[PDB]
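Peer 1: Quick one: this structure, given as structure tokens, is what I'll be asking you about.
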There are 2 protein chains.
Amino acid sequence: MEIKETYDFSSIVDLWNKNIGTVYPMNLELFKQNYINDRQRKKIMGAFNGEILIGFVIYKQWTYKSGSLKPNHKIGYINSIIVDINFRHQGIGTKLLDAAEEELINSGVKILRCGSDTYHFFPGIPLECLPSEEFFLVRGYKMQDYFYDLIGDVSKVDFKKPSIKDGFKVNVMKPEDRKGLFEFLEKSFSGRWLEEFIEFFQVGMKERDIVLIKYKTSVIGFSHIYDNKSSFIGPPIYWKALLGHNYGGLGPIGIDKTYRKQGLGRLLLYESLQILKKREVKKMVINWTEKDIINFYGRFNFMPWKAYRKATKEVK
Amino acid sequence: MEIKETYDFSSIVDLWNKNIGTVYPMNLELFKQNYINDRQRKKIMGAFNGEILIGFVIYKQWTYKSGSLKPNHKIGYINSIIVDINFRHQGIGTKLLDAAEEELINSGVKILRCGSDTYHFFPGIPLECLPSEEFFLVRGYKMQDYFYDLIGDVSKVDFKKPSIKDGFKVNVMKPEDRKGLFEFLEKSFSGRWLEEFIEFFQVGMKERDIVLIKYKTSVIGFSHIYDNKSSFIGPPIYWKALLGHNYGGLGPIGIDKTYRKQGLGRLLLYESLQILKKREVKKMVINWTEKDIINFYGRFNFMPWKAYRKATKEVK
Ligand SMILES: CC(=O)SCCNC(=O)CCNC(=O)[C@H](O)C(C)(C)COP(=O)(O)OP(=O)(O)OC[C@H]1O[C@@H](n2cnc3c(N)ncnc32)[C@H](O)[C@@H]1OP(=O)(O)O
Ligand SMILES: CC(=O)SCCNC(=O)CCNC(=O)[C@H](O)C(C)(C)COP(=O)(O)OP(=O)(O)OC[C@H]1O[C@@H](n2cnc3c(N)ncnc32)[C@H](O)[C@@H]1OP(=O)(O)O
Ligand SMILES: CC(=O)N[C@@H]1[C@@H](O)[C@H](O)[C@@H](CO)O[C@H]1O
Ligand SMILES: CC(=O)N[C@@H]1[C@@H](O)[C@H](O)[C@@H](CO)O[C@H]1O
Ligand SMILES: C[N+](C)(C)C
Ligand SMILES: [Cl-]
């Protein structure tokens with residue numbers, strides 16, 4: 001058994017799908033997309049039986065700016081770790097994680113997160129990977145709160161228009177909106193979501209996938225939507241093989257803090273869903289939500305679908 | 001808005017699917033099988049807008065024997081409750097549950113359970129209905145531990161036979177095993193599982209659905225397996241619309257108490273899966289497991305798929 005760096009994506013993807021493909025169906029396009037485009041200091045360590053890949057760990061350190069935030073080198077990420085089912089309980093997982101953790105720690109990492117990285121596969125430890133919690137617990141990870149992906153079939157329900165509101169308009173983004181959007185993000189969501197917008201446009205996100213809410217002239221909120229014609233396979237549609245032919249998704253979605261708790265998020269959501277529904281979307285996901293916002297999406301018939309536990313190791 | 005008893009199973013099935021069908025796809029066949037064959041005192045109370053069903057609750061009292069056990073009339077069950085998405089937060093669920101609970105309480109129920117009834121749809125509050133936990137909390141239900149359905153694609157993996165002490169042999173049940181099977185259940189599982197066996201054989205279960213493990217001529221264990229030829233749609237295959245073609249399932253599985261913790265359950269599980277694999281089964285479910293037993297199945301590449309929270313109200 002040898003531990004060494006690998007960039008054999010096909011072998012990794014095949015191993016992924018054999019072990020967890022029932023609930024996290026991976027394809028090479030997504031896998032390449034997310035690994036190649038990530039801008040953080042990153043590495044894949046494989047475990048090998050001769051030339052046969054029998055495990056891997058993908059890990060990162062926050063070394064690349066997030067919008068207006070400079071990188072915090074103290075934060076590292078385990079993007080994913082899987083040892084093949086036929087080679088479990090032989091110490092392979094331990095060695096892979098030790099290899100990742102040692103390297104991150106030697107480069108100044110003091111806080112180690114299970115998922116939640118840029119270009120993540122997971123926001124935390126998936127519930128379908130619940131048995132892994134004990135493996136991480138024993139290795140110093142503290143198990144925290146949950147995040148959720150929500151699912152709904154927008155073809156199945158009609159919603160009545162939200163209360164009409166003077167001044168506000170919701171519309172898919174046009175090219176001309178680009179400057180107003182970027183100024184809005186700089187003001188209101190100037191970290192990760194600003195960074196995503198910067199980078200997603202560079203790898204073929206299109207304006208048709210952004211919805212904007214304006215008061216008069218000013219962008220006060222946005223949503224990012226996905227359907228089966230979107231070319232960027234973003235987080236809401238990672239697991240689109242589970243979502244049927246007319247799959248879609250939504251996230252992120254945000255309203256300027258000033259404007260919140262007055263029904264404008266609701267208006268944005270409603271019209272964003274109406275847009276997807278007119279694009280003939282059926283089953284669709286709203287990814288990476290907190291418990292106390294579930295009911296906001298629940299109003300529109302969304303239900304928790306996948307749950308992920310937040311898990312963090314502090315290097316003492 | 002009227003609260004009254006409802007008979008139209010098709011309207012119930014549609015409301016079910018409209019509201020939660022993405023994650024718990026119902027059909028009339030499944031609905032009828034489970035509601036009609038249930039032997040407890042049972043009722044469906046509907047909430048109506050004129051002629052239109054807008055919500056329902058299905059509820060039961062333990063009034064029918066369970067193998068050699070008398071019913072405990074102190075136990076009641078909320079089988080399911082759904083209010084249509086366009087009629088939430090109008091007090092309808094409250095009204096429906098108030099009626100169900102009042103009727104149960106009046107016929108002697110002191111402990112009200114979420115799910116877990118005979119012919120259940122759910123062992124507890126599904127994670128996909130996490131928001132309803134709060135609804136049940138306010139009514140005095142205590143949120144307790146979790147159960148899990150596990151999923152695996154038995155076509156994707158091969159395992160080495162577990163080592164086999166001489167004398168033990170596993171085989172698919174034959175008609176002449178019936179008496180030996182019933183003697184064994186009477187000895188080791190004389191409550192719920194004996195009762196399921198009694199009833200299921202009356203409503204379409206075939207011997208080909210049962211695997212037996214013997215020590216010599218003695219039955220010492222069984223599993224109930226399911227594929228797309230099973231005429232009884234049991235708990236593992238309720239949500240078969242999510243499992244694809246060549247779906248299957250397994251559960252229950254039991255070994256005589258005097259024979260446990262010697263590797264025999266592992267052997268029975270292994271052969272049961274081999275039989276399903278040879279039947280061309282792909283994705284399959286092992287239903288209603290506790291957290292402590294997940295790794296037993298985990299070694300055969302099963303993963304938690306659905307989670308349900310146990311919830312119990314003590315009548316004051
Ligand atoms: C951010 C995320 O990736 S979340 C998702 C995590 N990944 C998954 O859930 C995918 C599915 N699961 C897996 O791939 C694996 O179970 C992993 C990666 C979690 C664990 O990998 P493994 O190779 O089994 O780990 P390893 O074998 O080192 O350790 C497991 C146990 O076996 C023990 N062990 C080590 N050598 C042996 C041996 N020769 N014989 C028996 N047991 C052994 C270890 O001590 C350990 O027990 P401990 O945790 O109580 O210390
Ligand atoms: C065993 C099982 O069945 S588990 C699965 C449970 N079912 C589901 O999850 C299906 C999806 N969800 C639903 O169907 C619904 O949300 C239900 C059944 C959980 C609740 O139905 P509702 O009709 O919205 O309940 P109802 O309106 O009485 O009460 C809900 C909330 O609205 C408010 N409310 C209560 N009464 C009223 C009223 N007269 N008018 C307006 N609002 C009210 C309260 O804020 C209440 O919150 P609380 O329950 O936390 O106190
Ligand atoms: C509902 C929502 O907005 N979820 C977003 C998600 O879409 C995005 O992928 C992630 C990372 O930026 O941040 C979450 O907050
Ligand atoms: C793994 C297992 O045995 N699960 C069984 C399940 O199959 C069965 O449906 C239920 C009710 O009888 O009892 C559970 O213990
Ligand atoms: C690097 N990150 C903070 C955006 C996850
Ligand atoms: Cl009835």
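A note on labels: chains of the structure tokens are A, B, ... as shown, every chain counts residues from 1, and ligands are counted from 1 in their shown order.
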Please build the interface table for chain B against ligand 1 with a cut-off of 10 Å, listing for each qualifying residue the nearest atom pair and the distance in Å to one decimal; count only C-alpha atoms and all ligand atoms, order rows by chain and increasing number, and write it as JSON lines.

Peer 2:
{"residue": "B:295", "atom": "CA", "partner": "ligand 1", "partner_atom_place_in_ligand_line": "16 (O)", "distance": 9.5}
{"residue": "B:298", "atom": "CA", "partner": "ligand 1", "partner_atom_place_in_ligand_line": "16 (O)", "distance": 8.7}
{"residue": "B:299", "atom": "CA", "partner": "ligand 1", "partner_atom_place_in_ligand_line": "16 (O)", "distance": 9.1}
{"residue": "B:301", "atom": "CA", "partner": "ligand 1", "partner_atom_place_in_ligand_line": "11 (C)", "distance": 8.7}
{"residue": "B:302", "atom": "CA", "partner": "ligand 1", "partner_atom_place_in_ligand_line": "11 (C)", "distance": 9.9}
{"residue": "B:303", "atom": "CA", "partner": "ligand 1", "partner_atom_place_in_ligand_line": "11 (C)", "distance": 8.5}

Peer 1: Using only C-alpha atoms and a distance of at most 6 Å, pull out the residues of chain A that contact chain B, as a PyMOL selection string.

Peer 2: chain A and resi 128+303-305

Peer 1: Set out as a tab-separated table a contact list for chain B and ligand 2 with a cut-off of 6 Å, giving each residue of chain B that qualifies its closest atom pair and distance in Å to one decimal, counting only C-alpha atoms and all ligand atoms, ordered by chain and rising residue number.

Peer 2:
residue	atom	partner	partner_atom_place_in_ligand_line	distance
B:78	CA	ligand 2	1 (C)	5.3
B:79	CA	ligand 2	1 (C)	5.4
B:80	CA	ligand 2	3 (O)	3.4
B:81	CA	ligand 2	3 (O)	4.1
B:82	CA	ligand 2	14 (O)	3.4
B:83	CA	ligand 2	14 (O)	3.8
B:88	CA	ligand 2	24 (O)	3.5
B:89	CA	ligand 2	27 (O)	3.2
B:90	CA	ligand 2	40 (N)	3.6
B:91	CA	ligand 2	28 (O)	3.1
B:92	CA	ligand 2	23 (O)	3.9
B:93	CA	ligand 2	23 (O)	3.5
B:94	CA	ligand 2	28 (O)	3.6
B:114	CA	ligand 2	1 (C)	4.2
B:115	CA	ligand 2	1 (C)	4.7
B:125	CA	ligand 2	4 (S)	4.2
B:129	CA	ligand 2	9 (O)	4.0
B:132	CA	ligand 2	19 (C)	4.4
B:134	CA	ligand 2	50 (O)	5.2
B:135	CA	ligand 2	49 (O)	3.8
B:138	CA	ligand 2	51 (O)	5.9

Peer 1: So which residues are near ligand 6, meaning at most 10 Å away with only C-alpha atoms and all ligand atoms counted, given back as JSON, numbers by chain?

Peer 2: {"B": [4, 5, 6, 7, 8, 9, 35, 41, 42, 43, 44, 45, 46, 57, 58, 59]}

Peer 1: From a backbone DSSP assignment, name each residue in stretch 38-252 of chain B labelled strand (DSSP E), as a VMD selection string.

Peer 2: chain B and resid 41 to 49 52 to 61 75 to 83 111 to 114 125 to 126 141 to 153 168 to 172 210 to 215 218 to 227 248 to 252
